[PDB]
Amino acid sequence: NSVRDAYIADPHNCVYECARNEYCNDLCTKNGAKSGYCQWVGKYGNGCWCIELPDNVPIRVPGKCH
């Protein structure tokens with residue numbers, strides 16, 4: 001599939017930390033996702049979670065934030 005639900009990440013495989021759900025919805029949607037929210041708890045801790053983020057945009061994958 002061309003889209004997936006996951007933590008959006010930067011080119012260094014680092015999540016985008018968040019303080020507001022709105023920050024994440026904006027960040028996610030401007031990058032092509034349908035919506036987004038802030039996770040204060042999750043597989044990789046605090047960070048923005050995006051719904052249906054296109055695969056030309058990075059997501060947090062196993063490994064370290066480098």
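When we follow the deposited numbering, the leftmost residue of the sequence shown carries the number 1, and every step to the right adds one. Backbone N, C-alpha and C fix where the C-beta goes; we use that ideal spot for every residue, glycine too.
Mind reading off the beta-carbon distance from residue i to residue j? Whole number of angstroms is fine, and I expect it under 8 Å.
i, j, result
"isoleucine 51", "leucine 27", "With a Cβ gap of about 12 Å, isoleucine 51 and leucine 27 do not count as contacting."
"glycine 32", "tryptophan 49", "Not confirmed; about 15 Å, so no contact."
Per the DSSP calculation, residue i is bridged to which residue(s)?
i, result
"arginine 4", "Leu53"
"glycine 47", "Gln39"
Measuring CB to CB, does residue i end up less than 7 Å from residue j?
i, j, result
"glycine 63", "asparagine 13", "yes"
"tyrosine 44", "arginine 20", "no"
What first and last residue would you give for the alpha helix (DSSP H) that runs through residue i?
i, result
"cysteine 14", "That residue, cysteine 14, is in no alpha helix (DSSP H); it is neither H nor E in DSSP."
"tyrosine 23", "21-30"
Tell me which residue opens and which closes the beta strand (DSSP E) that residue i is part of.
i, result
"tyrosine 37", "35-39"
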